[PDB]
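following this: a sequence and the matching experimental structure.
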Amino acid sequence: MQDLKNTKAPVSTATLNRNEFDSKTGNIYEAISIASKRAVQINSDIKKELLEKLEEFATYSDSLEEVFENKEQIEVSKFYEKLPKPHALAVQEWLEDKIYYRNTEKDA
Amino acid sequence: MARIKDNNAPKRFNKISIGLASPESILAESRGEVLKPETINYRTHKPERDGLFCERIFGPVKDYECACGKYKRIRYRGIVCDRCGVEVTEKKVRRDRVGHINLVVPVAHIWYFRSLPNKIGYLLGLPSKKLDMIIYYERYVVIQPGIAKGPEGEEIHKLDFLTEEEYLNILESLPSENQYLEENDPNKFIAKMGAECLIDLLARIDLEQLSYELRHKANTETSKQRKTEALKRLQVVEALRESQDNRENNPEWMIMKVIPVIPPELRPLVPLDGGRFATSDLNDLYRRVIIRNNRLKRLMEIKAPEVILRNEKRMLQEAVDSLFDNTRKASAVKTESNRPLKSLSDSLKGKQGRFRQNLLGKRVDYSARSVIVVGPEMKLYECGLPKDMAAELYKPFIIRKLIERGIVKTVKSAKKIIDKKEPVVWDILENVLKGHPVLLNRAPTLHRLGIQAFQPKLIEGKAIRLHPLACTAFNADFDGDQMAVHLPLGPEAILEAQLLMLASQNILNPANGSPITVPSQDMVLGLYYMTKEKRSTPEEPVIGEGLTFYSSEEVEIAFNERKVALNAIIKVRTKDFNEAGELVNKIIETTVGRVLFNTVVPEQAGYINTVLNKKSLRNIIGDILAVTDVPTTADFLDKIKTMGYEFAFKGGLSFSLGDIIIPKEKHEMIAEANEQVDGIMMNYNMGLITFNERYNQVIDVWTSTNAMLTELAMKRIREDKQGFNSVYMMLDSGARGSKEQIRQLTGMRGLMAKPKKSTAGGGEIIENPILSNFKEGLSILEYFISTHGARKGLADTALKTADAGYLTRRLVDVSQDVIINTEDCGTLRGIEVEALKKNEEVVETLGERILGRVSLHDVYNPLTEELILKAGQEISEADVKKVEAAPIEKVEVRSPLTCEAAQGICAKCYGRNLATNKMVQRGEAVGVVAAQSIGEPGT
Amino acid sequence: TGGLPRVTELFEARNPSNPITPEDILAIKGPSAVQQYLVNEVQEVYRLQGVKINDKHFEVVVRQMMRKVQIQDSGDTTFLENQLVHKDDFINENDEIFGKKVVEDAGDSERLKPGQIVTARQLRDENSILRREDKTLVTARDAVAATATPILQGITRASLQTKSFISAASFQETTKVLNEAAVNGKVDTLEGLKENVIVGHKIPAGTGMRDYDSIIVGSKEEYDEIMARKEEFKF
Amino acid sequence: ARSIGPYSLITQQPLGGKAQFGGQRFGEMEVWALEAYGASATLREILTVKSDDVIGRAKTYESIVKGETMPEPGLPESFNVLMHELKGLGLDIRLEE
Ligand SMILES: [Mg+2]
Ligand SMILES: [Zn+2]
């Protein structure tokens, strides 16, 4: 699993160098497609980890109130919220050559 | 309620196939048969059983409720009621279920005997008129002569046309046993009439043999007209034959025994206020068809006389023809208001058809719109977003974060919290906005820069904050303009926006590759003011002139200490390119403001030591992007924007009546022009010159006076305050204003054109120009004169914007299919490009024209034999300089016109992508970019 | 005020009200010369107003403006006199009919009728069979290829004759295009932008090319671990 | 500003106008801009799951709320209407993979 605590991906939108992004494939569109597929995978993994963590801190309350207050759950959710977005993590992985891609049609 | 997972998986497809519809196919797709022409009961507003809106065929009107109300709620899903026959399901099914109409007699589709060319006529070889006589039930035609012979003994041939009397006579002359023969018996005499005859005749066609005979006839016939007709029939038969390998395409399917009925929701019966109903024409046409078919069936059952039966069959054919395409009929069925009814065919063509109305444009969710204000403190990739707009747009993301935080367990409670605008909502929205850009669009979107991606920031108020540098791309000012906000949702869309549509990435103009995020107005004026030099005078000594500095650090120290002026001429030691192109330290005479400007300039660009205007700024940004990457250029743009704004604010540059210096000699030269005009007039009165000559001389004198006055006014304003006059600084920098406008504010508005309606010649020029200017004030007469030109200009713009848009639309339509699909097609053909010269003046240099192209062959220097250009390589700026240094006048480069690609254009023939100053990459929609680039300036 | 009408006239291949017409240049100097003339004229009109647009855009447009040829002799091909066809279709038809034989007189042959285009191998086999049967031999003539001359269209006419039937129906003459497609059984492969916009699929440009749907991605560390495990299991 | 709201009768598109709480119109020229950028996914998402993909829009909203992967776009309702008209006019149209 990725070390989300020590990730170098930018938190917000940043001006990325297009030449570095498409250097490996020679086509910015192919790189964008690969990055988005990896971003979908990263988002799935992050959702699974967050769901497990929330289930660990989930408290069973039988009250019929519409608003609940769980400070530990709120803190965990805030920590996950402050992390970079999945697509930013995918871009950071792509820049660091941490994404493996293969074209099935070209290798057939 | 969570939407039910409709297990009808979205049919994945990459191919669309069309063909003739078999009756069996229509029966297979149909859910039932429509007997009654009634639509609904006028009292209970419920659909009539077996009608055009019946619930047994098309589906229940109410969700999970049958027609009779026996079964209700979702618990009876999939159950068809035994009492009313209506399936218990969703109302949405009333959009997909199709009905059918079982016709008593077959009928031909208008599309295949009225369209040019007619398919049935070319298949059967019959002319259109004869086919019409067949279809509308006029004459019988012999399908099979058999043993029947003419009254005089003449041989009867196939396709022969017989009148009713002739048909009866031939039947009487034949033995009764002939009628009892099977249709496959060659001796049987078969002669029918109408669409039944048409299907019987089409089913007997050997398409292969028909193509054989048509080809042989075309090859052997000596008549040109007959050869052309044979080839034209051959065309239809070969097309229909080529249809067969793809799919079952049988010619007799052109005559339908069954007519399908489209789902009712596509032809709605909408009740209006007051008990009135709004109905589509399609309901009326279908109702007419059922009425006529039922009348034919009844007349068949009662065995009506043959003339009446043929008339009713012809009227059924007319009803079917009208329902398919009414408009082609001369006697089209019309309403009481004489408006022709809209048929099924009319739903497709025209500006209001499906294709151009509901498929090419749409309204979208997750969208917003407000007024735009200037956020000059923002970065190039950031936009300010009002709190309400962000809360509504990002509502489901905020809901997700609320459920994740455990505050609310349901989406309803999350919506309640969001609507109350609690601080936790803002705390979550601040994180949600990060990394999720929005798309800003201003109509009209003339080029692709009309939609750009920005990183949103929460702000106060109800106006969207826009970065000033995006205004030129958006053509947006802050006089009341509005922009639409579009929110991408998926990760692919977000990455697409960030990596292609981000404002920081869109520095270049795709039309030419020049920078489009150039500073303007306040920024340019401030940069010009800071970078301009001031020399010392005894009245106004300049602090710090002549000092030498070890680097920009000491210059900054002195400026902050107020020991040197901003415009002082100083000497500093810093990096600059030498004659060899290397980075060395040298003492260069400069200005403190120029040093401060160079403190933010990227190092690799050298030292910039010129007074900054818009043109020089554009060239500087282009060079900086040439030597560095896009992010560095964006940071440079942000820094110079802030610097220009700050140094324009600090100077307090204003507009006063004292800056508009009307020359004191204005009256004297107006008087001299008046004496010259008087000389011309007295010359005319003595007959020395003609009327046209006097008019031309007077115009020449007045225009010479205007030119001299413009030059004198410009000189006065320029030399005022050593070039630091605010109006002169505004004009010279290119921030705002032109020479003509300053002339009108200071000199004389000059000659004006008459509004006369002369059909032959253009507008004549009034011999008396507008002597007064806007500082002196125009008289009543002069103002009335100028109103003509003002109104003319406004009308011209308002009327020609649409023509420019239409040209853009046509270009996009003609160029949409050009996409870079292959890297190299390997052509040896190219275009020979030379420097563009007009009237002995080089308008475009050879290097500028060949910049970004791919070389055809290798090019060698004729003087030094050095390899300047390699075949198959892009022409970069360094190669441009090398070519300009060498005595080369013509360069052969690969061009789209000479490309040999199978689909679209290859990458090498296109050359450089002007939006990135890099080689074009596979997938670029170069055709749309070309169309937009041509169309935008016209608007 | 006159620049926009001039541009519209140039792009439409319209003869001037006082006729050099592009058709004359195409007839005399050739296709490349007329393409260069059109590009230069349009770019000059745009330049007079102080607007800089690269020549490559006009070149791309003019390429689409010259995608058709006019046939001067049908030969034995499927096409018709004075018909406007795609250059690719003309070349494909000429290549398909090349080297074949058209039956002039069928003689006593039962498998061949007069008027069919047959390959030389088939004709030789049929004549050999007839010779074994001692019957009259089939006489066939060489296939005659069609000839055509390049023509220059306006933007409207060029757009009006697209290959896909969905796009053509969307543009104009919906009835005729739909009729011809339904009779011909035409299959639309969705190769343009207008078609995919209409149907709501990914456009075949930029990110949405068909090659990119076949790409399989994954974590490089995970792939290396999987490969190492596979190698360990192979031992 | 609108995330979701009422939809029209025939086209099933989101309504227009501020009084009806509707979305903005995204027409031909702006689609040309998207095509020029090569923004395939943005154009697909806008043409289907934001305008007239009835199942797609609901599934997309549910996925955004629950944080799941975005469902694949379906057939727009405008294309369904076009296909139904062409079928009612007697032309056999099939979707082939
Ligand atoms: Mg405005
Ligand atoms: Zn090429």
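Thanks, I have the structure now. Numbering: from 1, shown residues only, chains lettered A, B, ... in the order given. Ligands and ions are numbered 1, 2, ... in the order given.

every contact and neighbour count from this point should use C-alpha atoms.
OK.

packing partners of the longest helix belonging to chain C?
Counting residues, the longest helix found in chain C (DSSP state H) is helix C:31-48. Counting contacts by 3 or more CA pairs under 8 Å, 6 or more residues apart in numbering or on different chains; DSSP states H and E, helix C:31-48 is packed against helix C:3-11, helix C:22-28, helix C:55-64.

now do residue C:173 against residue B:330, distance only.
19 Å (CA to CA, to the nearest Å).

more crowded one of these two?
The residue with more neighbours, out of residue C:173 and residue B:330, is residue C:173; 14 against 7, by other CA atoms under 10 Å in any protein chain shown.

burial check on residue C:86, number of neighbours?
Residue C:86 has 17 neighbours, counted by other CA under 10 Å.

if you could redo that for residue B:293, that was the one I meant.
25.

show me the contacts for it.
Contacts for residue B:293 (CA atoms under 8 Å, 6 or more residues apart in numbering or on different chains) come out as B:103, B:104, B:316.

just say helix, strand or coil for it.
With DSSP: H, G, I helix; E, B strand; the rest coil as the basis, residue B:293 sits in helix.

residue B:483 now?
Quick answer, by three-state DSSP: residue B:483 is strand.

now residue B:391
Going by three-state DSSP, the secondary structure assigned to residue B:391 is helix.

before we move on, back to that, out of the helices and strands packed on helix C:31-48, which is the most enclosed?
Burial of the helices and strands packed on helix C:31-48 is given as mean neighbour count (mean count of other CA atoms under 10 Å in any protein chain shown); helix C:55-64 ranks first at a mean of 24.

how many other residues sit next to residue C:214?
12.

thought it was touching residue A:107?
No: applying CA atoms under 8 Å as the test, residue C:214 and residue A:107 come out as separate, 10.4 Å apart.

which bits of chain B sit near ligand 1?
B:477, B:479, B:481 (CA under 5 Å from the ion).

for the chain, which segments count as helices?
Going with chain A. So, for chain A - with DSSP H - the helices run A:18-21, A:28-57, A:71-81, A:86-95.

sorry, I should have been clearer: chain D.
Using DSSP H, helices in chain D cover D:28-37, D:40-44, D:54-66, D:77-88.

hmm, who's touching the third one?
Counting by CA under 8 Å, 6+ apart, helix D:54-66 makes contact with B:2-3, B:6, B:396-397, B:399-400, D:12, D:48-51, D:69-74, D:76-77, all of which sit outside it.

buried among these? Make that a ChimeraX selection.
Entered in ChimeraX, the line below selects the buried ones among the contacts of helix D:54-66, by 16 or more other CA atoms under 10 Å in any protein chain shown:
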select /B:396,397,399,400 /D:12,48,49,50,51,70,71,73,74,76,77
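
just the strands in chain C please.
Secondary structure of chain C (DSSP state E): strands at C:68-73, C:84-86, C:100-105, C:117-119, C:139-142, C:147-150, C:187-188, C:215-219.

ok, and for the fifth one, which residues are buried?
Looking back up the chat, that one is strand C:139-142. Buried residues in strand C:139-142 (16+ other CA under 10 Å): C:140, C:142.

is it up against chain B anywhere?
No: figure legend: strand C:139-142 not in contact with chain B (CA under 8 Å from any CA of the partner chain); closest approach 11.1 Å.

tell me the buried residues in the helix or strand containing residue B:309?
Residue B:309 belongs to helix B:306-325 when assigned by DSSP states H and E. By 16+ other CA under 10 Å, the buried positions in helix B:306-325 come out as B:309-310, B:312-325.

restrict these to contacts with chain D.
residue B:324.

which one of the buried residues of helix B:306-325 sits closest to ligand 1?
Minimum distance to ligand 1 across the buried residues of helix B:306-325 is 46.5 Å, recorded for residue B:325 (CA to the ion).

before we move on, the earlier item: next SSE after the helix holding residue B:309?
helix B:354.

of the strands of chain C, which is nearest residue B:340?
strand C:187-188 (33.5 Å; CA to CA).

what parts of chain D come near chain C?
When proximity is defined as CA under 8 Å from any CA, chain D approaches chain C at D:35, D:37-41, D:43-44, D:47-48, D:75-76, D:79, D:91.

farthest pair in those residues?
Among the residues of chain D next to chain C, D:37 and D:91 lie farthest apart (CA to CA), at 36.1 Å.

more neighbours: the two, which one.
Ranked by neighbour count (other CA under 10 Å), residue D:37 and residue D:91 place residue D:37 first, with 26 against 22.

does that one touch residue B:448 like I think?
Yes: with contact defined as CA under 8 Å, residue D:37 and residue B:448 form a contacting pair (6.7 Å).

burial count for residue B:728?
24.

with residue B:441 instead?
Neighbour tally, residue B:441, other CA under 10 Å: 23.

need phi/psi at the nearest residue to it once chain neighbours are set aside.
Nearest non-adjacent residue to residue B:441, counting by CA to CA, 6 or more residues apart in numbering or on different chains: residue B:451, 4.5 Å away. Backbone geometry at residue B:451, expressed as degrees, to the nearest 10, gives phi -130, psi 120.

residues in contact with the residue positioned nearest the centre of chain D?
In chain D, the C-alpha nearest the mean C-alpha coordinate belongs to residue D:48, at 2.6 Å (CA atoms, centre = their mean). For residue D:48, the contacting residues are C:200, D:56, D:57, D:73, D:74, D:75, D:76, by CA under 8 Å, 6+ apart.

at 7 Å instead, please
C:200, D:73, D:74, D:76 (CA atoms under 7 Å, 6 or more residues apart in numbering or on different chains).

repeat that for residue B:100.
Listed by CA under 7 Å, 6+ apart, the contact set of residue B:100 reads B:27, B:30, B:32, B:33, B:34, B:258, B:259, B:260, B:261.

for it, helix, strand, or coil?
strand.

and it, how far is that from residue B:282?
Per CA to CA, residue B:100 is found 14 Å from residue B:282.

same question for residue A:59.
Residue A:59 sits at a distance of 61 Å from residue B:282 (criterion: CA to CA).

look at the two and report which has more neighbours.
residue B:282 (22 against 11).

surely that one is in a helix?
Yes: counting by three-state DSSP, one finds residue B:282 located in a helix.

which residues are in contact with the nearest residue to it once chain neighbours are set aside?
Nearest residue to residue B:282, sequence neighbours excluded (CA to CA, 6+ apart): residue B:343, at 6.1 Å. By CA under 7 Å, 6+ apart, the contact list for residue B:343 reads B:281, B:282, B:322, B:323, B:324, B:325, B:326.

what about 6 Å?
For residue B:343, the contact set (CA atoms under 6 Å, 6 or more residues apart in numbering or on different chains) comprises B:323, B:325, B:326.

could you export the residues you listed to TSV, including columns for distance to ligand 2?
Listed next are the contacts of residue B:343 as TSV, based on distance: CA to the ion, whole Å:
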residue	distance to ligand 2
B:323	50
B:325	45
B:326	48
